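Residue numbers (the UniProt record's numbering), protein chains in the order written: chain A, 19 to 120; chain B, 19 to 120. Virtual Cβ for every residue (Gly too), placed ideally from N, Cα, C.
2 protein chains.
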Amino acid sequence: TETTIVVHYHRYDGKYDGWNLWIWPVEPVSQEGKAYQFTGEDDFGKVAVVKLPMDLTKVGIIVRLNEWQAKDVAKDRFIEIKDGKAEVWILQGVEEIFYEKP
Amino acid sequence: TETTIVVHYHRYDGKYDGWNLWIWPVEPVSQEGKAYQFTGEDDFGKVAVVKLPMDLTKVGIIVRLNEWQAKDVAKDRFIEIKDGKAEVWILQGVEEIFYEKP
């Protein structure tokens, strides 16, 4: 299977311009990261559907502003993948990554 | 002026295979990072001479193993540049970045 991560992101300030995800494979292989743009919105906020052409069990993610102008939570965080799928919700300034809608 | 950073790195375990620097412009502009390989050694350890074709006052640096397999100190660290030059010394597991030989 390939991997599909749906990421929901909400900013309390409502100012999303330039915010994007950096995501990199962590397991079973650690690889370079790439930037992914939000392509949609729902009632929670912005939505990105990230597809990687490999079977992963874990990725890293950092929400950054432009090319590392800033980060929304500075430390590396991770997303667990089961059956080539994951879906998470992320809130501005909140370290915890949620696997259901808050 | 362009920017020249000389980085000295020492590992107490002596096992340098796969260790490289990730470095990205931070000031006056934040840009994507790149990986740089050590090209030499001295009595302290490995040596990299990193040239960027722009005038920078600050860069980020992370010492990583392969493609983010691991980091030697996980958090973002930074190097201050004066007159397009800097030279630092970095020790395995030690957060502080030194601007003279320890």
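DSSP state of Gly78 of chain A mapped onto helix, strand, coil
Strand at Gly78 of chain A.
If we call anything under 9 angstroms between Cβ atoms a contact, is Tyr34 of chain B one with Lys64 of chain B?
Cβ distance < 9 angstroms, so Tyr34 of chain B and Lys64 of chain B count as in contact.
Chain A contact residues for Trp86 of chain B, given Cβ-Cβ distances below 8 angstroms
The answer, in chain order, is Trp42, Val44, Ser48, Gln49, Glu50, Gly51, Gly78.
Check whether the region 38 to 51 of chain A and the region 75 to 85 of chain A are in contact - that is, three or more C-beta pairs closer than 8 angstroms.
yes
With H, G and I counted as helix, E and B as strand and the rest as coil, what does DSSP make of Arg29 of chain A?
coil
Can you tell me where the beta strand (DSSP E) holding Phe56 of chain A begins and where it ends?
It is not in any beta strand (DSSP E) - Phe56 of chain A carries neither H nor E in the DSSP assignment.
Going by Cα to Cα distance, which pick from B:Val112, B:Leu109, B:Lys103 is closest to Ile23 of chain B?
Measuring from the Cα of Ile23 of chain B, the nearest candidate turns out to be B:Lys103.
Going by beta-carbon coordinates alone, are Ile97 of chain B and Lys76 of chain B separated by less than 9 angstroms?
yes
What residue ranges within the region 60 to 111 of chain B form continuous beta strand (DSSP E) runs of no fewer than 3 residues, ordered along the chain?
64 to 70, 76 to 83, 95 to 98, 103 to 109
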